[PDB]
């Protein structure tokens, strides 16, 4: 039934060997949990393995691969509801949903993530400030718990506490077998985008707190983290909203829902070029153009700093560029309101993802960053993390004790466990 397998997160680091059950048979899954529950080092569900960290592996224990469980059960355009197996991925879901005029309500940077993964990490996207994160759009889920019973959870009424502990719970309340998502109605597969380019960090912040952000449903930015000030924190901002059919050019209006370095570069002329090409209004783009503006030895690092703490945010960015650690691929966004999940990552404030080449001193440098992020009231994302301490984590997520208490009810015997749970002491 199982197979000894060497697993790593997307970051290809911190490997552990587990026994991996891969089956499309939901009853065999129920029975494997029932088995582990009788006996140990517990079990954890795994999706497409896109989380960079250690949350979907379980050294010396059981790992259940959920991807073969990928049935879309129904889609209903009138209710906007979608009933799907947890192994369904968001790209699969997106293609199936389109002909109904339905848009996946939250999309992350890659569509190769399972619904179970999207819920357990409570994922966010370019529309977080207008739409929240993934958990906000789940109307029901079926959770396989430690007792081998399947519980039907909904965001309100009874069992809401377990529901909201599961969202962002990193698989640690049990296995999401199935869920109902409420989709976003759309009449097209396209975006209308405005683009803006700023010349400094001070400007980037300025553009994000002037009010204009309320005019867009989607917003994010490419961020210079390498240049010394003033150029530090300059950005290319891409903001927009889903087009309606009347906004499409003629050629595209018959099929509105279908998805299908020189010598000048670092000089004044390319400064003008980049500025010009990054500044546009009412441009219609497909998903790949708008949302997908696109390995081994890198360290992903993502944090959010509370909105008010803006001077502290500027401080952290300053620390980053003068560190001698250079990140070229940086994504910035202002998050909106948070949800009620205790371990949910997003909070209203300044969010950034960076990507550091693995190098001498980087490990000790990120620990120091951790300290700064913590002190500044912010947190890091478990999906992007493999090396922070339990002490740092628990301070970053003050409702962790609230969460752990919920987990102890539903898993007294510690049937569900992962590398991350042990490292972060969520066990």
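Positions refer to the first chain, counted from 1. Take the two forms, superpose them, and find the largest set of C-alpha atoms that agree within 1.5 Å; that set is the rigid core.
Between 200-208 and 271-279, greater CA displacement relative to the shown form is found for 271-279 when the structures in 8 other deposited structures of this protein are fitted on the core.
For the cut-off of one third of the other compared entries, residue 318 stays well clear, since all of them model it along with its flanks. For the cut-off of one third of the other compared entries, residue 296 qualifies: that many or more give it no coordinates while modelling its flanks. Counting the deposited residues that fall between residue 294 and residue 295 and carry no coordinates gives a value of 10 or more. The modelled chain breaks after residue 39 and resumes at residue 40, leaving 1 to 3 residues of the deposited sequence without coordinates. Higher mean CA temperature factor, per the PDB entry, when comparing 331-339 with 273-281: 273-281.
Between the stretches 67-75 and 195-203, it is 195-203 that shows the larger average CA temperature factor. Annotation for 128, 139, 178, 234: 234 ranks highest, by Cα B-factor.
The maximum CA B-factor among the listed residues 157, 306, 135, 101, taken from the PDB record, is found at 157. Ranked against the other modelled residues of its chain, the C-alpha B-factor of residue 383 as given in the entry falls in the lowest third.
The deposited CA B-factor of residue 390 belongs to the middle third of values across its chain. Among all modelled residues in this chain, the alpha-carbon of residue 216 has a temperature factor (C-alpha) in the middle third.
When the modelled residues of the chain are ordered by C-alpha B-factor, residue 358 sits in the middle third. In the deposited entry, the Cα temperature factor of residue 351 sits in the bottom third of values across the chain's modelled residues.
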